[PDB]
Amino acid sequence: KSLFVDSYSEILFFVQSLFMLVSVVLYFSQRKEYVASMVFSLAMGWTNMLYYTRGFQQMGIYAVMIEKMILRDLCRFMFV
Amino acid sequence: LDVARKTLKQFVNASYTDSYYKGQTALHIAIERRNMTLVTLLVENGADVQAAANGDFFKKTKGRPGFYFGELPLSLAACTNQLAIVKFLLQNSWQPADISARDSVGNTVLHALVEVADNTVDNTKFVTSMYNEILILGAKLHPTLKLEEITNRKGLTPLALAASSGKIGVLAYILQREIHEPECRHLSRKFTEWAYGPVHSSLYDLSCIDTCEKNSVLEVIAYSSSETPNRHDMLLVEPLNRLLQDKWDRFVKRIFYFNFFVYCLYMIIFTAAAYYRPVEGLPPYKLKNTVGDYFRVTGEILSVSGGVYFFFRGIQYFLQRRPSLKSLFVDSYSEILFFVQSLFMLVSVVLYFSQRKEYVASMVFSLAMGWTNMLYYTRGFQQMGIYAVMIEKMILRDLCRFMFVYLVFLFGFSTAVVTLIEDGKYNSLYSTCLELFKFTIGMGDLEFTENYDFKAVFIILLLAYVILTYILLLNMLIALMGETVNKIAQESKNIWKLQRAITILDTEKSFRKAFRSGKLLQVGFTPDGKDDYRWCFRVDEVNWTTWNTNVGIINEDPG
Amino acid sequence: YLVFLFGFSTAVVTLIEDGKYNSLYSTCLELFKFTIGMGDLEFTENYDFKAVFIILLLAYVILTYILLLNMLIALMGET
Amino acid sequence: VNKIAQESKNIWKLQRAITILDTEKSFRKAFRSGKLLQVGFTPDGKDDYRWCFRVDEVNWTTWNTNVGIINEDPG
Amino acid sequence: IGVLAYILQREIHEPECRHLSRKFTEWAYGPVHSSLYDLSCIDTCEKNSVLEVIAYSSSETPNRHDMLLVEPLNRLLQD
Ligand code: NA
């Protein structure tokens, strides 16, 4: 329960690594879908830079607010 | 008692030799513990009241621990809120304390009192009460001594020190000081010229406020560094705001309007000259024999002249104010912007005579900055000035944070998309970054290319980018701007007032007309019979509640 | 906003060498289109120094569309 | 945004605390403060040493400061 | 959180029991006094330190985001 309600950053970094490893597996299996897996890994890797805003007070609080907006407002809006 | 032996001195006056506590004596310890009887006992046996505690622990800040009080027992008693000990040390029959004594850094007891102030209610109450008591006692003991114009090693009076350090409570107390007792009313700075019914006219001493030849309070506050704790709030202290408004309305507003008009003319001429630039070959361009050609060359000469003028104004500012390389890029935004515009103009001139067509690029950058620099003149109007201050604050906080996060997201999704793309017109990072940025301005395509395998991946990437940036981050930016606007009204008004104060001081130094108020006789005379004339600012007040108005009016026959 | 629009329009039209957008009115209209969600960002190529053109357009966009309009919404909320 | 300022600051502080603990476990340098004698001694005569964090305070209101100070000669 | 705040700042001002306190005064001069905060079982315990317990607590813990504000812990983390 704290897995998917806490530990967001651990999950995000792990999922990025999973996309990378799936890309490796597809690449040596002669499949061109390795590119799709790799670009998903790349996009997640760039968005995971937001983890390091912690370490600076203003940017860190901004990132926390981004998380809260996603989890409350964007989610309700997206359902409707 | 049982150790003081007349076999007395050099033992009742022994002091620490340690570098940390160097100078501390038994009198210092007795005062610190608040023992009146012990202090009298030490004073009786010949303890020196001018002993200086020069140790590092008693230094201002060097070394994290320590308490600074002026190093002297009188200053120690003053800065610890011990009135009885101060009075005893000043008026003892054995060795009176020298009220005018200066510590190692030149600070007197008033300077030390200003130094221990920290802008808190109880601290302010105690510090100002002790300041008033010390002033009264000094006047009684030395009617001719001029306590508040003694400077420290840095050339600061207690008032100048307070203003330059942000001790706003002390500054407010000093500027409105009203001492309502005979034989010491000359120490006051606020006077009542007359009172009739509910309305009474007040006189505010202006000495060392707007002209001092060393450092006036206005100059000290206006040109203080950004680190000064209360720099934007100190101009709100009662007399200063009215004095600045008086200067504005009397002579500075017209000069500011003339400057704004001249800048508008300069920008119009620059725009016209740039608009009609020849497009024939390389510069320099031969002068045709036509009226339009002569007017264009005139416009170009005027534009270069304005660029030279602003370049030299920037150099002059850098030399006269000597920014500390931190207030350079944290303060002085407008000076930097005007200087950079002038630099673009001069680079354009250099390129133009070097036969390079990049002079046009430099010139258009100069032109765009010149037009956006018009926002400087919104100061001079309250509503537009506060609006410009809010624009600055939004840029510096909300837009900056948003842009960092947004550029990270844009670059990441652009690299993913361009990697997915196989070939074609969009297989470059620049083109795909531009396509994704178009989504931010309501122009995103969502089908700008088909040069890929796995259309599902392409659309998933684009939709994720859209949801994260357009739907989430931009709307969040609006909400955060709303929060900021809600929180910065008073700060923005105070910043605008400080900006106008800077303009007023700059005009007064680059415009004997700019002279505060009238020279008036306000306390009658000093302790000596001589009548004292002081430059005073008159402020009218009305009070329907405290009808008594028991005051030492200067002039009867009000008005 | 009108100060910013006029300034960036004069800069852009000065940078433009010739063609359909070498008039102040046309370029002012092109830049105003950004305010209503219709800005092109490639409405002309009649220049040297494409980098200067895009830098001017991006600066104008950031200052007006991203900053000033959203600030207007926030100030309206306060009012 | 209006309602979550304090919550967001506290969450950020907890996040940085997690980072600090993780670094201390994956980096004997990371040791809090000085070992000081602080109450003199236990009920038994033995002197007790405790690792203590020093915090400087200033109070202009309660001048009394009647305390059982450990060290004279402050500083 | 209330019990935690009380415990971490415990000052017992009586003889023969002052050893129970966790907050001490090392020295006081004029208006400034230096305080000593006991750190035993705070940042290293080998069983469960207060910092480890708070930082790695579950999301259901009532005051998990507020407990780091208790006086000594914030300064210790910043240090
Ligand atoms: Na649109």
# chains A, B, ... in the order shown; residues from 1 in each chain; ligands from 1
>>> select_by_dssp(residues="chain D", states="helix (DSSP H, G or I)", output="PDB file with C-alpha atoms, in the first residue's frame")
ATOM      1  CA  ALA D   5       1.945  25.561   1.296  1.00  0.00           C
ATOM      2  CA  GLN D   6       2.845  24.264   4.765  1.00  0.00           C
ATOM      3  CA  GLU D   7       2.097  20.659   3.818  1.00  0.00           C
ATOM      4  CA  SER D   8       4.363  20.930   0.776  1.00  0.00           C
ATOM      5  CA  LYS D   9       7.219  22.433   2.793  1.00  0.00           C
ATOM      6  CA  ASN D  10       6.928  19.677   5.412  1.00  0.00           C
ATOM      7  CA  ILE D  11       6.812  16.968   2.735  1.00  0.00           C
ATOM      8  CA  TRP D  12       9.925  18.414   1.110  1.00  0.00           C
ATOM      9  CA  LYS D  13      11.685  18.380   4.484  1.00  0.00           C
ATOM     10  CA  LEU D  14      10.772  14.716   4.965  1.00  0.00           C
ATOM     11  CA  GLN D  15      12.036  13.934   1.448  1.00  0.00           C
ATOM     12  CA  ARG D  16      15.376  15.572   2.204  1.00  0.00           C
ATOM     13  CA  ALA D  17      15.525  13.669   5.501  1.00  0.00           C
ATOM     14  CA  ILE D  18      15.059  10.412   3.581  1.00  0.00           C
ATOM     15  CA  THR D  19      17.871  11.456   1.244  1.00  0.00           C
ATOM     16  CA  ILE D  20      20.127  12.258   4.218  1.00  0.00           C
ATOM     17  CA  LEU D  21      19.499   8.892   5.884  1.00  0.00           C
ATOM     18  CA  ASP D  22      20.038   7.061   2.591  1.00  0.00           C
ATOM     19  CA  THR D  23      23.338   8.878   2.072  1.00  0.00           C
ATOM     20  CA  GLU D  24      24.494   8.129   5.617  1.00  0.00           C
ATOM     21  CA  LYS D  25      23.843   4.444   4.905  1.00  0.00           C
TER      22      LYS D  25
END
>>> closest_atom_pairs(of="chain B", to="chain A", cutoff="9 Å", atoms="only C-alpha atoms", output="tab-separated table")
residue	atom	partner	partner_atom	distance
B:401	CA	A:59	CA	6.7
B:402	CA	A:62	CA	8.8
B:405	CA	A:50	CA	7.5
B:408	CA	A:46	CA	6.9
B:409	CA	A:47	CA	6.0
B:411	CA	A:46	CA	7.9
B:412	CA	A:46	CA	4.9
B:413	CA	A:43	CA	5.6
B:414	CA	A:43	CA	8.6
B:415	CA	A:43	CA	7.7
B:416	CA	A:39	CA	4.9
B:417	CA	A:39	CA	7.4
B:419	CA	A:39	CA	6.8
B:420	CA	A:39	CA	6.7
B:453	CA	A:33	CA	8.7
B:454	CA	A:36	CA	7.3
B:457	CA	A:36	CA	6.4
B:458	CA	A:36	CA	8.9
B:461	CA	A:40	CA	7.9
B:468	CA	A:70	CA	8.9
B:471	CA	A:74	CA	8.3
B:472	CA	A:74	CA	7.0
B:473	CA	A:66	CA	7.9
B:476	CA	A:69	CA	7.9
>>> residues_near_ligand(ligand="ligand 1", cutoff="9 Å", atoms="only C-alpha atoms and all ligand atoms", output="list in words")
residues 439, 441, 442, 443 and 444 of chain B; 34, 36, 37, 38 and 39 of chain C
>>> interface_residues(of="chain E", to="chain A", cutoff="10 Å", atoms="only C-alpha atoms", output="ChimeraX atom specification")
/E:57-60
>>> residues_around(residues="residue 72 (chain D)", least_positions_apart="2", cutoff="7 Å", atoms="only C-alpha atoms", output="MDAnalysis selection string")
(chainID D and resid 70 74) or (chainID E and resid 27)
>>> atom_distance(atom1="CA of residue 47 (chain D)", atom2="CA of residue 19 (chain E)")
10.3 Å
>>> residues_around(residues="region 123-125 of chain B", least_positions_apart="6", cutoff="7 Å", atoms="only C-alpha atoms", output="count of residues only")
4
>>> closest_atom_pairs(of="chain B", to="chain E", cutoff="9 Å", atoms="only C-alpha atoms", output="CSV")
residue,atom,partner,partner_atom,distance
B:32,CA,E:30,CA,6.2
B:33,CA,E:30,CA,8.0
B:65,CA,E:34,CA,8.7
B:66,CA,E:32,CA,8.2
B:67,CA,E:32,CA,7.2
B:76,CA,E:30,CA,8.9
B:79,CA,E:30,CA,8.9
B:80,CA,E:30,CA,6.5
>>> write_last_selection(atoms="N, CA and C atoms", output="PDB file, in the first residue's frame")
ATOM      1  N   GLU B  32      27.432  41.860  34.684  1.00  0.00           N
ATOM      2  CA  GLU B  32      26.711  40.835  33.935  1.00  0.00           C
ATOM      3  C   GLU B  32      25.741  40.075  34.829  1.00  0.00           C
ATOM      4  N   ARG B  33      26.140  39.796  36.071  1.00  0.00           N
ATOM      5  CA  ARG B  33      25.279  39.064  36.991  1.00  0.00           C
ATOM      6  C   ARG B  33      24.193  39.936  37.602  1.00  0.00           C
ATOM      7  N   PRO B  65      30.192  31.931  18.716  1.00  0.00           N
ATOM      8  CA  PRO B  65      29.662  32.376  20.006  1.00  0.00           C
ATOM      9  C   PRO B  65      30.249  33.707  20.445  1.00  0.00           C
ATOM     10  N   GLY B  66      29.484  34.405  21.267  1.00  0.00           N
ATOM     11  CA  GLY B  66      29.899  35.681  21.819  1.00  0.00           C
ATOM     12  C   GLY B  66      28.748  36.665  21.879  1.00  0.00           C
ATOM     13  N   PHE B  67      28.881  37.642  22.772  1.00  0.00           N
ATOM     14  CA  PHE B  67      27.912  38.716  22.929  1.00  0.00           C
ATOM     15  C   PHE B  67      28.645  40.043  22.836  1.00  0.00           C
ATOM     16  N   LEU B  76      27.931  47.678  28.782  1.00  0.00           N
ATOM     17  CA  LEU B  76      27.397  46.387  29.205  1.00  0.00           C
ATOM     18  C   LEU B  76      26.131  46.561  30.032  1.00  0.00           C
ATOM     19  N   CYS B  79      23.281  47.781  27.551  1.00  0.00           N
ATOM     20  CA  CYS B  79      22.796  46.781  26.610  1.00  0.00           C
ATOM     21  C   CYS B  79      22.220  45.551  27.295  1.00  0.00           C
ATOM     22  N   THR B  80      22.251  45.495  28.625  1.00  0.00           N
ATOM     23  CA  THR B  80      21.591  44.440  29.380  1.00  0.00           C
ATOM     24  C   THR B  80      20.367  44.949  30.130  1.00  0.00           C
TER      25      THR B  80
END
>>> residues_around(residues="residue 38 (chain D)", least_positions_apart="6", cutoff="10 Å", atoms="only C-alpha atoms", output="PDB file with N, CA and C atoms, in the first residue's frame")
ATOM      1  N   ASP D  47      30.688  10.414  36.297  1.00  0.00           N
ATOM      2  CA  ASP D  47      30.339  11.452  35.338  1.00  0.00           C
ATOM      3  C   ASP D  47      29.811  10.818  34.058  1.00  0.00           C
ATOM      4  N   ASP D  48      28.758  11.409  33.502  1.00  0.00           N
ATOM      5  CA  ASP D  48      28.087  10.866  32.327  1.00  0.00           C
ATOM      6  C   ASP D  48      28.377  11.753  31.123  1.00  0.00           C
ATOM      7  N   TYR D  49      28.915  11.147  30.070  1.00  0.00           N
ATOM      8  CA  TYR D  49      29.175  11.824  28.811  1.00  0.00           C
ATOM      9  C   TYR D  49      28.071  11.473  27.824  1.00  0.00           C
ATOM     10  N   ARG D  50      27.541  12.485  27.146  1.00  0.00           N
ATOM     11  CA  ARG D  50      26.465  12.305  26.185  1.00  0.00           C
ATOM     12  C   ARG D  50      26.768  13.096  24.923  1.00  0.00           C
ATOM     13  N   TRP D  51      26.447  12.510  23.772  1.00  0.00           N
ATOM     14  CA  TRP D  51      26.551  13.227  22.508  1.00  0.00           C
ATOM     15  C   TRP D  51      25.447  14.271  22.440  1.00  0.00           C
ATOM     16  N   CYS D  52      25.832  15.534  22.282  1.00  0.00           N
ATOM     17  CA  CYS D  52      24.907  16.646  22.413  1.00  0.00           C
ATOM     18  C   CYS D  52      25.004  17.569  21.208  1.00  0.00           C
ATOM     19  N   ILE D  69      23.789  26.062  34.946  1.00  0.00           N
ATOM     20  CA  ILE D  69      24.804  26.058  33.897  1.00  0.00           C
ATOM     21  C   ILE D  69      25.872  25.013  34.193  1.00  0.00           C
ATOM     22  N   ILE D  70      26.403  24.398  33.140  1.00  0.00           N
ATOM     23  CA  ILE D  70      27.431  23.371  33.277  1.00  0.00           C
ATOM     24  C   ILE D  70      28.819  23.988  33.366  1.00  0.00           C
ATOM     25  N   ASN D  71      29.146  24.882  32.437  1.00  0.00           N
ATOM     26  CA  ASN D  71      30.461  25.501  32.356  1.00  0.00           C
ATOM     27  C   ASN D  71      30.343  26.990  32.638  1.00  0.00           C
TER      28      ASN D  71
ATOM     29  N   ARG E  18      18.442  15.862  37.884  1.00  0.00           N
ATOM     30  CA  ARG E  18      18.715  16.582  36.647  1.00  0.00           C
ATOM     31  C   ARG E  18      19.272  15.672  35.563  1.00  0.00           C
ATOM     32  N   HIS E  19      19.772  14.491  35.929  1.00  0.00           N
ATOM     33  CA  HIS E  19      20.290  13.560  34.936  1.00  0.00           C
ATOM     34  C   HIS E  19      19.191  12.996  34.045  1.00  0.00           C
ATOM     35  N   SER E  21      17.001  14.793  32.567  1.00  0.00           N
ATOM     36  CA  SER E  21      16.715  15.761  31.526  1.00  0.00           C
ATOM     37  C   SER E  21      17.472  15.414  30.246  1.00  0.00           C
ATOM     38  N   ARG E  22      16.938  15.895  29.124  1.00  0.00           N
ATOM     39  CA  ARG E  22      17.572  15.723  27.827  1.00  0.00           C
ATOM     40  C   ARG E  22      18.075  17.027  27.234  1.00  0.00           C
ATOM     41  N   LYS E  23      17.596  18.162  27.725  1.00  0.00           N
ATOM     42  CA  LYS E  23      18.046  19.477  27.299  1.00  0.00           C
ATOM     43  C   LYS E  23      18.805  20.131  28.445  1.00  0.00           C
ATOM     44  N   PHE E  24      19.987  20.663  28.148  1.00  0.00           N
ATOM     45  CA  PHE E  24      20.838  21.289  29.149  1.00  0.00           C
ATOM     46  C   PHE E  24      21.269  22.669  28.675  1.00  0.00           C
ATOM     47  N   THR E  25      21.744  23.470  29.622  1.00  0.00           N
ATOM     48  CA  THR E  25      22.320  24.781  29.345  1.00  0.00           C
ATOM     49  C   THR E  25      23.813  24.710  29.624  1.00  0.00           C
ATOM     50  N   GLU E  26      24.624  24.877  28.577  1.00  0.00           N
ATOM     51  CA  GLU E  26      26.072  24.829  28.750  1.00  0.00           C
ATOM     52  C   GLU E  26      26.610  26.114  29.365  1.00  0.00           C
ATOM     53  N   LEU E  36      22.254  22.497  25.130  1.00  0.00           N
ATOM     54  CA  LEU E  36      22.758  21.200  24.707  1.00  0.00           C
ATOM     55  C   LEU E  36      21.596  20.222  24.631  1.00  0.00           C
ATOM     56  N   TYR E  37      21.456  19.559  23.489  1.00  0.00           N
ATOM     57  CA  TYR E  37      20.376  18.610  23.249  1.00  0.00           C
ATOM     58  C   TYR E  37      20.948  17.202  23.232  1.00  0.00           C
ATOM     59  N   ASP E  38      20.452  16.353  24.125  1.00  0.00           N
ATOM     60  CA  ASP E  38      20.851  14.953  24.129  1.00  0.00           C
ATOM     61  C   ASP E  38      20.472  14.299  22.808  1.00  0.00           C
TER      62      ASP E  38
END
>>> interface_residues(of="chain B", to="chain D", cutoff="12 Å", atoms="only C-alpha atoms", output="short mmCIF file (atom, residue, chain, number, x, y, z; two decimals) with N, CA, C and O atoms, in the first residue's frame")
data_model
loop_
_atom_site.label_atom_id
_atom_site.label_comp_id
_atom_site.auth_asym_id
_atom_site.auth_seq_id
_atom_site.Cartn_x
_atom_site.Cartn_y
_atom_site.Cartn_z
N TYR B 16 41.41 39.19 32.64
CA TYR B 16 41.81 38.03 31.86
C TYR B 16 42.87 38.41 30.84
O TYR B 16 42.75 39.43 30.15
N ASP B 18 43.61 35.91 28.63
CA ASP B 18 43.24 35.02 27.55
C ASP B 18 42.77 35.81 26.34
O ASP B 18 42.04 36.80 26.47
N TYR B 20 40.63 34.93 24.27
CA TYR B 20 39.18 34.80 24.13
C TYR B 20 38.44 35.79 25.02
O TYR B 20 37.48 36.43 24.58
N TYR B 21 38.87 35.93 26.27
CA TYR B 21 38.25 36.85 27.22
C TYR B 21 39.14 38.05 27.53
O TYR B 21 38.97 38.68 28.57
N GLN B 24 38.42 41.27 30.01
CA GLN B 24 37.36 41.09 30.99
C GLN B 24 37.92 41.27 32.40
O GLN B 24 38.99 40.74 32.73
N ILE B 29 32.11 41.13 35.18
CA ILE B 29 31.37 39.97 35.70
C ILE B 29 30.28 40.43 36.65
O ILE B 29 29.14 39.94 36.60
N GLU B 32 27.43 41.86 34.68
CA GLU B 32 26.71 40.84 33.94
C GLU B 32 25.74 40.07 34.83
O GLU B 32 24.63 39.73 34.40
N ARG B 33 26.14 39.80 36.07
CA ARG B 33 25.28 39.06 36.99
C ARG B 33 24.19 39.94 37.60
O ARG B 33 23.33 39.41 38.32
N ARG B 34 24.20 41.24 37.34
CA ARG B 34 23.15 42.15 37.80
C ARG B 34 23.19 42.29 39.32
O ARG B 34 22.15 42.29 39.98
N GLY B 55 38.24 40.83 24.41
CA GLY B 55 38.40 39.45 23.98
C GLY B 55 37.57 39.13 22.75
O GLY B 55 36.64 39.84 22.38
N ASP B 56 37.92 38.01 22.12
CA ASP B 56 37.19 37.57 20.93
C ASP B 56 35.74 37.26 21.26
O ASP B 56 34.84 37.56 20.47
N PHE B 57 35.49 36.65 22.43
CA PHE B 57 34.12 36.32 22.80
C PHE B 57 33.24 37.57 22.83
O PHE B 57 32.03 37.47 22.59
N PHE B 58 33.82 38.73 23.10
CA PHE B 58 33.09 39.99 23.13
C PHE B 58 33.13 40.73 21.80
O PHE B 58 32.59 41.83 21.70
N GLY B 63 33.89 34.38 15.08
CA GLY B 63 33.71 33.29 16.02
C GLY B 63 32.25 33.18 16.40
O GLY B 63 31.68 34.13 16.94
N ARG B 64 31.64 32.03 16.13
CA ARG B 64 30.18 31.91 16.23
C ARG B 64 29.63 32.33 17.58
O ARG B 64 28.62 33.06 17.60
N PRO B 65 30.19 31.93 18.72
CA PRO B 65 29.66 32.38 20.01
C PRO B 65 30.25 33.71 20.45
O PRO B 65 31.35 34.10 20.06
N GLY B 66 29.48 34.41 21.27
CA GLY B 66 29.90 35.68 21.82
C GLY B 66 28.75 36.66 21.88
O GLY B 66 27.76 36.56 21.15
N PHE B 67 28.88 37.64 22.77
CA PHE B 67 27.91 38.72 22.93
C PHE B 67 28.64 40.04 22.84
O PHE B 67 29.61 40.28 23.58
N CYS B 79 23.28 47.78 27.55
CA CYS B 79 22.80 46.78 26.61
C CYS B 79 22.22 45.55 27.30
O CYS B 79 21.76 44.64 26.60
N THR B 80 22.25 45.49 28.63
CA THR B 80 21.59 44.44 29.38
C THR B 80 20.37 44.95 30.13
O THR B 80 19.80 44.22 30.95
N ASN B 81 19.94 46.19 29.87
CA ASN B 81 18.74 46.76 30.47
C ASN B 81 18.88 46.87 31.99
O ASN B 81 18.08 46.33 32.76
N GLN B 82 19.92 47.59 32.41
CA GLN B 82 20.21 47.83 33.83
C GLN B 82 20.35 49.33 34.02
O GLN B 82 21.45 49.88 33.94
N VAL B 116 22.95 46.30 19.35
CA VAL B 116 22.25 45.17 19.97
C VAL B 116 20.77 45.14 19.65
O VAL B 116 20.09 44.17 20.00
N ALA B 117 20.24 46.17 19.00
CA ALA B 117 18.85 46.15 18.57
C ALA B 117 18.65 45.09 17.49
O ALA B 117 19.52 44.88 16.64
N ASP B 118 17.50 44.42 17.53
CA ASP B 118 17.22 43.35 16.58
C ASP B 118 15.80 43.41 16.02
O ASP B 118 15.32 42.41 15.47
N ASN B 119 15.11 44.54 16.15
CA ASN B 119 13.80 44.74 15.53
C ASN B 119 12.76 43.77 16.08
O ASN B 119 11.99 43.16 15.34
N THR B 120 12.75 43.62 17.40
CA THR B 120 11.73 42.84 18.09
C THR B 120 11.11 43.71 19.18
O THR B 120 11.75 44.63 19.70
N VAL B 121 9.86 43.40 19.52
CA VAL B 121 9.05 44.34 20.29
C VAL B 121 9.69 44.64 21.64
O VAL B 121 9.91 45.80 22.00
N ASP B 122 10.01 43.59 22.41
CA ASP B 122 10.61 43.81 23.72
C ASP B 122 12.01 44.40 23.60
O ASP B 122 12.38 45.31 24.36
N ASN B 123 12.79 43.90 22.65
CA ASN B 123 14.11 44.47 22.41
C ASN B 123 14.01 45.94 22.03
O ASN B 123 14.77 46.77 22.54
N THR B 124 13.07 46.28 21.15
CA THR B 124 12.91 47.67 20.74
C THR B 124 12.52 48.54 21.92
O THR B 124 13.08 49.63 22.12
N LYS B 125 11.56 48.08 22.72
CA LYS B 125 11.15 48.85 23.89
C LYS B 125 12.33 49.13 24.80
O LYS B 125 12.60 50.29 25.16
N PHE B 126 13.07 48.09 25.17
CA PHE B 126 14.18 48.27 26.10
C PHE B 126 15.26 49.16 25.49
O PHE B 126 15.78 50.06 26.16
N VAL B 127 15.60 48.93 24.22
CA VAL B 127 16.69 49.68 23.60
C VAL B 127 16.34 51.15 23.51
O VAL B 127 17.17 52.02 23.82
N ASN B 475 -1.38 25.56 -16.37
CA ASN B 475 -2.47 25.94 -15.47
C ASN B 475 -1.97 26.06 -14.03
O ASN B 475 -2.42 26.94 -13.28
N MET B 476 -1.03 25.20 -13.64
CA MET B 476 -0.39 25.34 -12.34
C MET B 476 0.36 26.67 -12.25
O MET B 476 0.38 27.29 -11.18
N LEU B 477 0.98 27.10 -13.34
CA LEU B 477 1.65 28.39 -13.35
C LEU B 477 0.66 29.52 -13.10
O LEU B 477 0.95 30.46 -12.35
N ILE B 478 -0.52 29.43 -13.70
CA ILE B 478 -1.55 30.45 -13.44
C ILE B 478 -1.93 30.45 -11.96
O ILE B 478 -2.04 31.51 -11.32
N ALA B 479 -2.14 29.26 -11.38
CA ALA B 479 -2.52 29.19 -9.97
C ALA B 479 -1.42 29.74 -9.05
O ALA B 479 -1.71 30.45 -8.07
N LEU B 480 -0.17 29.42 -9.36
CA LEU B 480 0.94 29.92 -8.55
C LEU B 480 1.10 31.43 -8.69
O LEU B 480 1.42 32.11 -7.71
N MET B 481 0.87 31.96 -9.89
CA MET B 481 0.88 33.41 -10.06
C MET B 481 -0.22 34.05 -9.22
O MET B 481 -0.02 35.13 -8.65
N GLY B 482 -1.39 33.42 -9.16
CA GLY B 482 -2.45 33.94 -8.30
C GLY B 482 -2.03 34.00 -6.85
O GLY B 482 -2.25 35.00 -6.16
N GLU B 483 -1.40 32.93 -6.36
CA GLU B 483 -0.89 32.92 -4.99
C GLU B 483 0.11 34.06 -4.77
O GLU B 483 0.02 34.82 -3.80
N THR B 484 1.08 34.20 -5.69
CA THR B 484 2.08 35.24 -5.55
C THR B 484 1.44 36.62 -5.52
O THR B 484 1.77 37.45 -4.67
N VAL B 485 0.53 36.89 -6.46
CA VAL B 485 -0.14 38.18 -6.50
C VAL B 485 -0.84 38.45 -5.18
O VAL B 485 -0.81 39.56 -4.65
N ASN B 486 -1.49 37.42 -4.62
CA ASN B 486 -2.14 37.58 -3.33
C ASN B 486 -1.15 37.95 -2.24
O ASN B 486 -1.50 38.69 -1.31
N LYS B 487 0.09 37.47 -2.31
CA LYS B 487 1.02 37.63 -1.19
C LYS B 487 1.95 38.84 -1.27
O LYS B 487 2.65 39.10 -0.29
#
>>> interface_residues(of="chain C", to="chain B", cutoff="8 Å", atoms="only C-alpha atoms", output="PDB file with C-alpha atoms, in the first residue's frame")
ATOM      1  CA  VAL C   3       4.572  48.495 -25.627  1.00  0.00           C
ATOM      2  CA  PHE C   4       5.972  44.959 -25.879  1.00  0.00           C
ATOM      3  CA  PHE C   6       5.207  47.366 -30.843  1.00  0.00           C
ATOM      4  CA  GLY C   7       8.823  46.936 -29.760  1.00  0.00           C
ATOM      5  CA  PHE C   8       9.128  43.333 -30.889  1.00  0.00           C
ATOM      6  CA  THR C  10       9.608  46.893 -35.020  1.00  0.00           C
ATOM      7  CA  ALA C  11      12.593  44.653 -34.269  1.00  0.00           C
ATOM      8  CA  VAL C  12      11.183  41.806 -36.382  1.00  0.00           C
ATOM      9  CA  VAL C  13      10.183  44.020 -39.309  1.00  0.00           C
ATOM     10  CA  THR C  14      13.621  45.656 -39.246  1.00  0.00           C
ATOM     11  CA  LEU C  15      15.209  42.199 -39.391  1.00  0.00           C
ATOM     12  CA  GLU C  17      14.613  41.968 -45.691  1.00  0.00           C
ATOM     13  CA  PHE C  34       0.318  34.677 -30.892  1.00  0.00           C
ATOM     14  CA  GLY C  37      -3.435  31.036 -29.900  1.00  0.00           C
ATOM     15  CA  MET C  38      -2.721  31.373 -33.624  1.00  0.00           C
ATOM     16  CA  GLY C  39       0.963  32.339 -33.814  1.00  0.00           C
ATOM     17  CA  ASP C  40       2.959  30.720 -36.605  1.00  0.00           C
ATOM     18  CA  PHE C  49      20.080  35.238 -39.291  1.00  0.00           C
ATOM     19  CA  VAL C  52      17.887  36.182 -34.416  1.00  0.00           C
ATOM     20  CA  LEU C  56      13.048  37.531 -30.988  1.00  0.00           C
ATOM     21  CA  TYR C  65       1.828  34.870 -23.852  1.00  0.00           C
ATOM     22  CA  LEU C  67       3.978  35.758 -18.529  1.00  0.00           C
ATOM     23  CA  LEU C  68       1.685  38.738 -19.124  1.00  0.00           C
ATOM     24  CA  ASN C  70      -1.393  34.533 -17.157  1.00  0.00           C
ATOM     25  CA  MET C  71      -0.443  37.413 -14.865  1.00  0.00           C
ATOM     26  CA  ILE C  73      -5.643  36.191 -15.038  1.00  0.00           C
ATOM     27  CA  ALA C  74      -4.023  36.233 -11.585  1.00  0.00           C
ATOM     28  CA  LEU C  75      -4.559  39.987 -11.190  1.00  0.00           C
ATOM     29  CA  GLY C  77      -8.557  36.986  -9.539  1.00  0.00           C
ATOM     30  CA  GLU C  78      -7.174  39.404  -6.963  1.00  0.00           C
TER      31      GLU C  78
END
>>> atom_distance(atom1="CA of residue 63 (chain C)", atom2="CA of residue 30 (chain C)")
16.0 Å
>>> atom_distance(atom1="CA of residue 198 (chain B)", atom2="CA of residue 545 (chain B)")
8.4 Å
>>> residues_around(residues="region 234-246 of chain B", least_positions_apart="6", cutoff="7 Å", atoms="only C-alpha atoms", output="count of residues only")
4
>>> closest_residue(among="B:113, B:54, B:92, B:61", to="residue 39 (chain B)", atoms="only C-alpha atoms")
B:92
